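**Q**
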Amino acid sequence: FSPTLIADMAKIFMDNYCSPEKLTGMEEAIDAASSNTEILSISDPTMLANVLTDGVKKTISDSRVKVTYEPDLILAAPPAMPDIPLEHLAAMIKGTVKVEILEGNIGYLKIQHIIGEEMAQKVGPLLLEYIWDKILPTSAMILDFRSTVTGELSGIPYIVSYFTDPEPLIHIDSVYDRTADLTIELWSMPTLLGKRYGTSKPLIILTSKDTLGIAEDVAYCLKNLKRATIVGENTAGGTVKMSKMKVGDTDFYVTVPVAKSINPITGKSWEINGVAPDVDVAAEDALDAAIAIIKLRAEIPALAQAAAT
Ligand SMILES: CCCCCCCC/C=C\CCCCCCCC(=O)O
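With the entry's author numbering, letter number 219 in the sequence shown gets 219, and the count goes up by one each step, no holes.
1. Which runs of the beta strand (DSSP E) spanning at least 3 residues fall entirely within the stretch 105-147, listed in chain order?
2. Measuring only the C-alpha atoms, how far is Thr53 from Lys110?
3. Which of the three DSSP states, helix, strand or coil, is assigned to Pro20?
4. Using the three-state DSSP reduction, which class does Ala180 fall into: helix, strand or coil?
5. Report yes if the CB atom of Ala283 is closer than 7 Å to the CB atom of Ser208, and no otherwise.
6. Given this structure, state the Cα-to-Cα distance separating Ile60 from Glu167, to the nearest angstrom.
7. Should the stretch 75-92 be regarded as contacting the stretch 259-275, the criterion being three or more beta carbon pairs within less than 8 Å?
8. On the DSSP letters alone, give me the boundaries of the alpha helix (DSSP H) that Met242 sits inside.
9. Do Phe13 and ligand 1 come close, with the Cβ less than 6 Å from some heavy atom?
10. Grouping DSSP H, G and I as helix and E and B as strand, with all else coil, what is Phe1?
11. Which residues does DSSP list as the beta-bridge partners of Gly198?
12. State the Cα-Cα distance for the pair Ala140 and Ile300, rounded to the nearest angstrom.
13. Using three-state DSSP, classify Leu186 as helix, strand or coil.
14. Under the criterion of a Cβ to heavy atom distance below 6 Å, does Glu38 qualify as lining ligand 1?
15. Can you tell me which residues form a DSSP beta bridge with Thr235?
16. Below 8 Å CB to CB, which residues in the same chain sit around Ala228 once its five sequence neighbours on both sides are set aside?
17. Going by the C-beta, is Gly55 closer than 6 Å to any heavy atom of ligand 1?
18. Count the CB pairs spanning the stretch 270-279 and the stretch 247-256 that are closer than 8 Å, and state whether there are at least three.
19. What is the DSSP secondary structure of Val275, counted as helix, strand or coil?
20. From what residue to what residue does the alpha helix (DSSP H) around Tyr158 run?
21. Assess contact between the stretch 230-238 and the stretch 34-48, defined as three or more Cβ pairs (one per stretch) separated by less than 8 Å. Is contact present?
22. Run through the stretch 37-99 for me and flag every whole alpha helix (DSSP H) of 4 or more residues, listed as ranges in chain order.
23. Examine ligand 3 and report whether any of its heavy atoms sits within less than 6 Å of the Cβ of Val254.
24. Whole angstroms is fine: what's the gap from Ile159's alpha carbon to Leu212's?
25. Would you kindly check if the distance between the Cβ of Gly151 and the Cβ of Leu193 is under 7 Å?
26. Kindly indicate which three-state DSSP category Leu169 falls into: helix, strand or coil?
Dropping the structure here:
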């Protein structure tokens, strides 16, 4: 063990935590913890991990930060792979989406995985006809994120851009990564492969309590941009990036949020609390409600013109 252990955990935490400005008093609690003889009296490594974990809680107020003792932890490395041609990547993407026109000429696109910039640029031309051209002529659009739990940050501009004006460029999100000490800015793209959907047609996004990750960010941003109505349940409240980090040559690990979104409109984030629906309904009922909203609103102009004269 040693007191060295505490010092080395602390450095990993301090060097990587996404919000260093909130760490007043931390260096001091580290010093105290290193000389706390009750801590020094712990021989059980799992008890040591639990104690340090609760100690940081009563110091930092962030429930995502944890120390664990994990002997026998092996992380599954990415699998070995031959060349995968673009046509087979396109077939894999087809398997993660459901594209449909629902009665009423309403576009439906269920997206299980938000694809990243590389994939979108390289395989997108192979999917234009299959996904996008099918739903382009619809009068309204429903994006179904109710079961979306994975995705890439770099895909966000590709979704938002199709639903917004080319000009002015929109600053969609700003993400800070503490480990890289870098801010990543996400902007709309004035030129796209496909045609824009326009700004007039209704866009509704369906959400569930399971909706997690980049999908929460897409919905949050389109909501704050006043482009989309959110229908369903409050989303899960994920984190842009967690890292689980080994402490030296020891079996202790520090788990820390290392990146965060700082929304250009709200100043806040989708993270932790998730995104609140505009129309709150059970997730199983979200699709029916979205359809009903779109249908009613489309009826309004004709109603008005009959009443006016
Ligand atoms: C993520 C690793 C950071 C290192 C942790 C430093 C934070 C301070 C740790 C513990 C505070 C001490 C509180 C518990 C005292 C033990 C007394 C008791 O359990 O009865």
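All C-beta atoms in this analysis are idealised placements derived from N, C-alpha and C, irrespective of residue type, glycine included.
**A** If we stick to the structure as given:
1. 106-111 and 140-144
2. On the sequence shown, residue 53 is found 53 positions in, with the first residue counted as 1. On the sequence shown, residue 110 is found 110 positions in, with the first residue counted as 1. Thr53 and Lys110: Cα-Cα distance of roughly 39 Å.
3. The residue labelled residue 20 in the question sits at position 20 within the sequence shown. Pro20: helix per DSSP, three-state reduction.
4. Here the question's residue 180 lines up with position 180 in the sequence shown. DSSP places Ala180 in coil when its eight states are reduced to three.
5. As a first step, residue 283 is located in the sequence shown; it is residue number 283 there, counting from the start. As a first step, residue 208 is located in the sequence shown; it is residue number 208 there, counting from the start. It is a contact, given that the beta carbons lie within the stated cut-off.
6. Taking the sequence shown and counting its residues from 1, one reaches residue 60 at position 60. Taking the sequence shown and counting its residues from 1, one reaches residue 167 at position 167. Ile60 and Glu167: Cα-Cα distance of roughly 42 Å.
7. no
8. In the sequence shown, the residue the question calls residue 242 occupies position 242. Here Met242 belongs to no alpha helix (DSSP H); instead the beta strand (DSSP E) covers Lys241 to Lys246.
9. Here the question's residue 13 lines up with position 13 in the sequence shown. At least one heavy atom of ligand 1 is nearer than 6 Å to the Cβ of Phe13, so yes.
10. Position 1 of the sequence shown, counted from the start, is the residue given in the question as residue 1. Residue state, collapsed to three classes: coil.
11. Walking along the sequence shown from the start, residue 198 turns up at place 198. According to DSSP, which records beta bridges pairwise, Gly198 is partnered with nothing at all.
12. One-based indexing of the sequence shown puts residue 140 at position 140. One-based indexing of the sequence shown puts residue 300 at position 300. Their Cα atoms are separated by approximately 15 Å.
13. As a working note, residue 186 is residue 186 in the sequence shown. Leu186: strand per DSSP, three-state reduction.
14. What you label residue 38 is simply residue 38 of the sequence shown in a count that begins at 1. Within the cutoff, so yes.
15. Here residue 235 refers to the residue found at position 235 of the sequence shown. DSSP, once it has assigned bridges, lists no residue as partnering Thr235.
16. Counting from 1 along the sequence shown, the entry for residue 228 is found at position 228. For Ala228, where only same-chain residues beyond five positions count, the Cβ hits under 8 Å are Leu143, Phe163, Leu203, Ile204, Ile205, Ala219 and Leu222.
17. Position 55 of the sequence shown, counting from 1, holds the residue named residue 55. Checking the Cβ of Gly55 against ligand 1 gives yes.
18. no
19. The residue you call residue 275 lines up with position 275 of the sequence shown. Note: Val275 maps to coil in three-state DSSP.
20. Sequence index remark: in the sequence shown, residue 158 carries index 158 (1-based). Residues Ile156 to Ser161.
21. no
22. 37-40, 45-60 and 86-94
23. Ligands in the displayed structure: ligand 1; ligand 3 is not one of them.
24. Taking the first residue of the sequence shown as position 1, residue 159 is located at position 159. Taking the first residue of the sequence shown as position 1, residue 212 is located at position 212. If I take the Cα positions, the gap works out to 16 Å.
25. Mapped onto the sequence shown, residue 193 falls at position 193. Mapped onto the sequence shown, residue 151 falls at position 151. Result no, Cβ atoms of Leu193 and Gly151 do not sit closer than 7 Å.
26. On the sequence shown, residue 169 is found 169 positions in, with the first residue counted as 1. Coil, per DSSP.
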